[PDB]
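The chain that follows stands alone, in the form deposited in one PDB entry, written as structure tokens.
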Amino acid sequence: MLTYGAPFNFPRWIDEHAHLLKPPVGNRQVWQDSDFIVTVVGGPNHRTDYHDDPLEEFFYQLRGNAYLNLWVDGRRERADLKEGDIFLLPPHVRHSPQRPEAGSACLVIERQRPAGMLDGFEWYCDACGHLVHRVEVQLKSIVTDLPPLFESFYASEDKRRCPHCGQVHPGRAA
């Protein structure tokens, strides 16, 4: 049977879920309990964490513009997701998506992770660039698994303290 229902109009779905595609929620998963995790991500949202995804991530910036802060070949880089852009991120490339525009919408597609395949979330020192803190998580449900992780980082000057230069990371904002 059609476990995930019939086809439906995507722009209309996005318009209908617009109140969820802005703070405080910011994103909405299209289908539940599927192998492909299909999400629409709105804005505005800025963040300081880098994601280490053990699988690929596909992006299609449908409305508005956004960008990814990246670590590529040991250097800080930026990949712009201009409206209309698509992009495929290889596994383990550290990325911190920034979504400055209200009313923006990006299709993001990921895969469910098998047991034992973990995701990393990392923060880096603004002063010297050294890794400050890394948490590894078996990512089953983004909504329950992720906010407390970020919250525990922000609340702890110990976790935010750079092991190299001693500078305390600013936490939630930079």
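Throughout, rigid core stands for the largest set of C-alpha atoms superposing within 1.5 Å between the two forms. Residues carry their position along the shown sequence, with the first being 1. Shifts are known only where both forms have a C-alpha.
This next part talks about the form deposited in another entry, which is not shown.
S.K.: After the core is superposed, which of these residues, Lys22, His17, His164, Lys159, moves its CA 2 Å or more between the shown form and the other one?
M.R.: Flagged residue: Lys22.
S.K.: Please check if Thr144 moves between the shown form and the other one, taking a CA shift of 2 Å or more relative to the superposed core as movement.
M.R.: Result for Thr144: yes, a 2 Å-plus shift.
S.K.: In the other form, do the Cα atoms of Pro24 and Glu16 sit closer or farther apart than here, given a shift of 3 Å or more?
M.R.: Farther apart, which means the C-alphas of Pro24 and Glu16 are at least 3 Å more distant in the other form.
S.K.: Have a look at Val25 and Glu16: in the other form, are their Cα atoms closer together or farther apart than in this form, given the change is 3 Å or more?
M.R.: Farther is correct, given that in the other form the C-alpha spacing of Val25 to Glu16 is increased by at least 3 Å.
S.K.: With the rigid core superposed, where do three or more consecutive residues all shift their C-alphas by 2 angstroms or more between the shown form and the other one?
M.R.: Core-superposed, displaced stretches are 22-26, 142-145.
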